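In: how does the following fold in three dimensions:
(one chain, ligands or ions: 1)
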Amino acid sequence: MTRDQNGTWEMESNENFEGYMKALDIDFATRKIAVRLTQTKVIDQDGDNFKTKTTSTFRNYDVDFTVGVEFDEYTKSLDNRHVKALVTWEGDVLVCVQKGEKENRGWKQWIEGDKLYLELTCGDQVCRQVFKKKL
Ligand SMILES: CCCCC/C=C\C/C=C\CCCCCCCC(=O)OC(CO)CO
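Out: Numbers count the residues shown, from 1 in each chain. The coordinates are given below.
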């Protein structure tokens, strides 16, 4: 019973964000700034309805979805691609498949203890992020 991801979450680790960005074809100059940043994630969740904001000093990215309902996602100001996205529950893990021109693109997000874990995948690259809840 850990599906409730509501809150504001502050990044404490970001493993292989470089490789994930390179797999998305983010240019070197953009990666050079992006890899340095602490990200914050704000999740406003009402059951299966999610409104999410991921923020930093350099880029912000909002994505809203209902679990089980495919949607068009445009990764504006990130890699600027259009995908068909579907978020599902696997147990209490939120699983997103982003179908489009990059193979094996998606993410998984879940709560463990007082941490929010986010694993971002593109191709053969996995980025593992951990966030600590803000009080
Ligand atoms: C927004 C801050 C970025 C800081 C770096 C800036 C520029 C580097 C460009 C591209 C990298 C791709 C990043 C992908 C991040 C997706 C975040 C996402 O979709 O999370 C899901 C799960 O939480 C949303 O519900």
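In: isn't residue 68 right up against residue 48?
Out: Yes: under the criterion of Cβ atoms under 8 Å, residue 68 makes contact with residue 48 at 6.6 Å. C-betas here are computed from N, CA, C, even on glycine.
In: of the two, which one has the most company?
Out: residue 48 (14 against 10; other Cβ atoms under 10 Å).
In: I'd say the more buried one and residue 66 touch.
Out: Yes: the pair formed by residue 48 and residue 66 meets the contact definition of Cβ under 8 Å, at 5.5 Å.
In: any part of the one helix or strand residue 32 maps to near the ligand?
Out: Using DSSP states H and E, residue 32 falls within helix 28-34. Yes: using Cβ under 6 Å from any ligand atom, helix 28-34 reaches the ligand at 30, 34.
In: can you pull the buried residues of that helix?
Out: 31, 34 (16 or more other Cβ atoms under 10 Å).
In: interface residues of this structure facing the ligand?
Out: Counting by Cβ under 6 Å from any ligand atom, the chain sits next to the ligand at 21, 24, 26, 30, 34, 37, 39, 41, 52, 54, 56, 58-61, 63, 78-79, 107, 109, 118.
In: contacts for stretch 107-124?
Out: Applying Cβ atoms under 8 Å, 6 or more residues apart in numbering, the contact partners of stretch 107-124 are 2-5, 7, 9, 12, 20, 23-24, 41, 43, 90, 92-96, 98, 102-106, 126-133.
In: what about these, which are in strands?
Out: Among the contacts of stretch 107-124, the members falling in strands are 7, 9, 12, 41, 43, 90, 93-96, 98, 106, 126-133 (criterion: DSSP state E).
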